[PDB]
There are 2 protein chains.
Amino acid sequence: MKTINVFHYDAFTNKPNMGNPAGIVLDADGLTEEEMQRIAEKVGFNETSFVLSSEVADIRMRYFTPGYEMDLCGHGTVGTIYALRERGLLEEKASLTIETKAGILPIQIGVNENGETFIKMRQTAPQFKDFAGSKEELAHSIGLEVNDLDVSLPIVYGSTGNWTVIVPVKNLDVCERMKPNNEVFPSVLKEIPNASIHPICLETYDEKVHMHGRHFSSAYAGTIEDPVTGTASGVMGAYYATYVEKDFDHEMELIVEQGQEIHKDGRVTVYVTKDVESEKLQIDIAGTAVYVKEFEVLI
Amino acid sequence: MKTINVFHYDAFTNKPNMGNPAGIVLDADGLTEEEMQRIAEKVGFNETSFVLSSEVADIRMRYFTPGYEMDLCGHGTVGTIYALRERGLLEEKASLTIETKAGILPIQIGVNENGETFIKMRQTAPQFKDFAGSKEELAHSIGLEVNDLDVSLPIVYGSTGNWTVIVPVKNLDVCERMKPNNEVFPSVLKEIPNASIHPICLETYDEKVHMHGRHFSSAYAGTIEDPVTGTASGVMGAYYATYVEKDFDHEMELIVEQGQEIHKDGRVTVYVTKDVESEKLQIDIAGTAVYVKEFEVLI
Ligand SMILES: [Mg+2]
């Protein structure tokens, strides 16, 4: 048997246990892909990342769920680069390239006002489609009634890499009552039956934050609810810039929060940029992260 | 998008192109399994080896044929360690360990009777089974008549890691007449259909060597003839100690030659020890290697 040290960092939070868990093997150059998959299974977190040597970038990363390899994982990238940086395991520079199976990712490493290191990455340009299904059926699928929805803002499918349904609800009291019936989502979401559902409101628990959301997994995911979701956060930023606060020049940013209803406290910073030659908004997200624990896995 | 330097050293010879070609990537830590497989396919050698980081041994190695990964490769290990040492990429030591998927291999290094650097490896204790099939079909499958076989020595399946059939034939003249019909081997070798066939005789081209072999690959392999075969040579040494000369004091060494019929000239040194612990023969082999070329592979 071999002994592998695995770290647990929580992404998109500054407090242990209050974010999206990210397993990390800080130097995976001694491992095969089969070993990586087995380590991720034994770790049993939603995802475990492996830091590797690269021929074409500063580093390479592979991302695994307990059952399969993913081409990309935003929260795993945030947690992993944060850990490398904070541990003294990176070169002295404010940007990094990461070789992945989906391409080379440029990463920016910065510090926020509070002195915390933030990891910033680009998402895919946003796409929206109107939701044309039944609002009452949608409300019921998340344990609500139709008058819990916010009539003033549109329900839309949105993607900056993965499709989710942005469902505006009246306030936090509504969010607290939600109960996802994920198995029924496909019947309600005709256009994109495998989308997740991400209800939102502008009322927030955290003071510096502009939007609140909750994330309910697709019917095809197995899971019920994700703690702090970087992909959906990017969609929320694009949505905000498109439907809520449209009047900006060049660049705006907002912070979204997630996880309070399940005893967490996640925050994602979303940067929305427009350029005169670009057909769509440009979306970046950034988050900080925090050490949770380290433990041994035998393989 | 990646340019990989591939080295070619011939194993089990001191003369360029007179041994068993070993493709070598000296630092493969930037590569996936798929990339390593693709490089092996492009190179086209019977085996290409990849040097990788290890947390539990001096180095780690993976071995690939043009089509699939192998668990072990003696000639690739010899060529690779010889190359690493030649280029100063290993701590210069008389012993080291190599992590492989099949286990950690202890390796010894020294200077042989001929003044060349040897790489020495432990094989598995010999297993034998009598060949009970048709000697006629066997002889024909190697382009011989049944009369060309040496009746005074037994035909056996033998393994020190890979099953092969030791087929004693008259002499070197008979060896030169041979031509393998590998496709028919499984139908001939009823007991172990996927075995290779390794004819031998005690007449040698080099008077300072003890046994002559030739290696005809299994039907399943992507080859027809292997130039200098470490596994089979270990079986030959065991065979010598078991069936030819059983009278020695604790340990003996012999040299086997292979490759002359295809215009090469390989040598494997075989160490046979009467292990008191296992109460069975213990077999090591060693050989030298030689630089042939370097070239780039784009993947
Ligand atoms: Mg590797």
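Proteins come first, then strands; the chains are lettered A, B, ... in the order of their sequence lines, and each starts at number 1. Any value given below was found using the heavy atoms of this structure, including those in side chains, with hydrogens, waters and symmetry copies removed.
The backbone N or O of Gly230(A) lies less than 3.5 Å from a partner atom in the side chain of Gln123(A), making a donor-acceptor pair. Of the possible polar contacts, one joining the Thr160(A) side chain to the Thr231(A) backbone as a donor-acceptor pair under 3.5 Å is found. With hydrogens and angles ignored, the 3.5 Å screen pairs a side-chain donor or acceptor of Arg60(A) with a backbone N or O of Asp29(B). The backbone N or O of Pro16(A) lies less than 3.5 Å from no partner atom in the side chain of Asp10(A), so there is not a single donor-acceptor pair. Between the side chain of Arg214(A) and the main chain of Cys175(A), a donor-acceptor pair closer than 3.5 Å is present. A donor-acceptor pair under 3.5 Å is formed between the side chain of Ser159(A) and the backbone N or O of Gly161(A). Looking only at distances, a side-chain donor or acceptor of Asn112(A) sits under 3.5 Å from a matching main-chain atom of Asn114(A). With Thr204(A) contributing its side chain and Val209(A) its backbone, the two residues share a donor-acceptor pair below 3.5 Å.
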What do the steps show when you test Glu33(A) against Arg62(B) for salt bridge (charged side-chain N to carboxylate O under 4.0 Å, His left out), and what is the final call?
CA-CA 12 Å; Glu33(A) 68 290 336; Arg62(B) 288 179 77 171; 2.9 Å; yes
Please evaluate residues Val56(B) and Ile104(B) with respect to the criterion side chain to side chain contact (heavy atoms under 4.5 Å, CB included), reporting the C-alpha separation (whole Å), side-chain torsions for both, the decisive distance (0.1 Å), and the verdict.
CA-CA 8 Å; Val56(B) 299; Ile104(B) 296 170; 3.8 Å; yes
Going through the distances and angles, do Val272(A) and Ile283(A) end up as a side chain to side chain contact (heavy atoms under 4.5 Å, CB included)?
CA-CA 5 Å; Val272(A) 186; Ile283(A) 298 294; 3.8 Å; yes
Determine, step by step, whether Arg38(A) and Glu41(A) satisfy the salt bridge (charged side-chain N to carboxylate O under 4.0 Å, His left out) criterion, reporting the C-alpha distance in whole Å, the side-chain angles of both residues, the deciding distance to 0.1 Å, and the verdict.
CA-CA 5 Å; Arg38(A) 290 171 57 234; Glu41(A) 187 280 326; over 6 Å; no
Step-by-step side chain to side chain contact (heavy atoms under 4.5 Å, CB included) determination, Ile142(A) to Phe185(A)
CA-CA 9 Å; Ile142(A) 55 179; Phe185(A) 292 174; 4.2 Å; yes
Step by step, would you call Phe12(A) with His75(A) a ring-ring contact (aromatic ring centres under 6.0 Å, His included)?
CA-CA 7 Å; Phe12(A) 304 125; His75(A) 82 276; 7.1 Å; no
Apply side-chain hydrogen bond (donor to acceptor under 3.5 Å, both in side chains) to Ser217(A) and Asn182(A), showing your working.
CA-CA 7 Å; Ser217(A) 309; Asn182(A) 319 64; 5.0 Å; no
Apply side chain to side chain contact (heavy atoms under 4.5 Å, CB included) to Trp163(A) and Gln127(A), showing your working.
CA-CA 9 Å; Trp163(A) 285 103; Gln127(A) 302 175 73; 3.6 Å; yes
The test is side-chain hydrogen bond (donor to acceptor under 3.5 Å, both in side chains); show your working for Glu257(A) and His210(A) and say whether it passes.
CA-CA 8 Å; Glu257(A) 70 178 28; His210(A) 325 251; over 6 Å; no
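One distance of note links CD1 of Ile81(A) with CD1 of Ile24(A); it measures 9.0 Å at 0.5 Å rounding. Taken from CD1 in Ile192(A) to CZ in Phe131(A), the straight-line distance is 11.0 Å, to the nearest 0.5 Å. Taken to the nearest 0.5 Å, the OH atom of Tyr157(A) stands 10.5 Å off from the CG atom of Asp130(A). Residue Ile4(B) holds its CD1 atom at 4.5 Å from CD of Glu55(A), rounded to the nearest 0.5 Å. One distance of note links CG of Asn194(A) with CG of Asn162(A); it measures 9.5 Å at 0.5 Å rounding. Rounding to the nearest 0.5 angstrom, the gap separating the CD atom in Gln37(A) from the CD1 atom in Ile39(A) is 10.0 Å.
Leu202(A) places a side-chain heavy atom less than 4.5 Å from the side chain of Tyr240(A). In this structure the side chain of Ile98(B) reaches within 4.5 angstrom of the side chain of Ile59(B), judged on heavy atoms. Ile197(A) places a side-chain heavy atom less than 4.5 Å from the side chain of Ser141(A). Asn46(A) is listed as a side-chain neighbour of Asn20(A), based on a closest heavy-atom distance under 4.5 Å. Annotation: side chain of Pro168(A) is in contact with side chain of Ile155(A) (closest heavy-atom distance under 4.5 Å). Side-chain contact between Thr100(B) and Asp71(B): absent, with no pair of heavy atoms (C-beta onward) separated by less than 4.5 Å. Inter-residue side-chain proximity for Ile166(A) and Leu153(A) is flagged as unmet; no heavy-atom pair is nearer than 4.5 Å. Looking only at side-chain heavy atoms (C-beta outward), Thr242(A) and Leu281(A) come within less than 4.5 Å of each other.
Looking at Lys170(A) and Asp150(A), no side-chain N of the basic residue comes within less than 4.0 Å of a carboxylate O on the acidic one, giving no salt bridge. Of the charged side-chain nitrogens involved, none lies within less than 4.0 Å of a carboxylate oxygen, so that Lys15(A) and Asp265(A) do not count as a salt-bridged pair.
For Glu203(A), the CD atom is densely surrounded, since the number of other residues' heavy atoms within 6.0 Å is greater than 12. Counting non-hydrogen atoms of neighbouring residues, nucleotides and ligands closer than 6.0 angstrom, the NZ atom of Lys93(B) exceeds 12 such neighbours. The number of heavy-atom neighbours closer than 6.0 Å to OH of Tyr68(A), taken from other residues, nucleotides and ligands shown, is 12 or below. Atom CD1 of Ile224(A) is surrounded by 12 or fewer heavy atoms from other residues, nucleotides or ligands within 6.0 Å. More than 12 heavy atoms of other residues, nucleotides or ligands shown are found within 6.0 angstrom of CD on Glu176(A). Counting non-hydrogen atoms of other residues, nucleotides and ligands closer than 6.0 Å to CE of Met1(A) gives a total above 12. Residue-environment remark: NZ (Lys101(A)) exceeds the threshold of 12 foreign heavy atoms within 6.0 Å.
Residues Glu99(B) and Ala57(B) share a closest heavy-atom pair of N-CB, 3.6 Å.
Under the 3.5 Å distance criterion, with hydrogens and angles disregarded, a donor-acceptor pair is assigned to the side chains of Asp284(A) and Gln282(A).
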Tabulate below the donor-acceptor pairs under 3.5 Å that side-chain atoms of residues 288-299 of chain A make, not counting sequence neighbours, or state none.
unit_1    : atom_1 : unit_2    : atom_2 : d
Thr288(A) : OG1    : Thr117(A) : O      : 2.7
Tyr291(A) : OH     : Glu294(A) : N      : 3.4
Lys293(A) : NZ     : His8(A)   : ND1    : 2.9

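Taking the salt bridge (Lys or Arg N to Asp or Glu O under 4.0 Å) definition, one finds that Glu35(A) meets it with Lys2(A), sequence neighbours left out. With sequence neighbours left out, the ring pair (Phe, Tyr, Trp, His ring centres under 6.0 Å) criterion links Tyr239(A) to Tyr243(A).
Checking each of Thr80(A), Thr48(A), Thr77(A) against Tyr63(A) for a side-chain hydrogen bond (donor to acceptor under 3.5 Å, both in side chains) leaves exactly one that passes, namely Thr77(A). Checked options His212(A), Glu225(A), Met236(A), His198(A); the residue passing with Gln258(A) is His198(A) (criterion: side-chain contact (heavy atoms from CB on, under 4.5 Å)).
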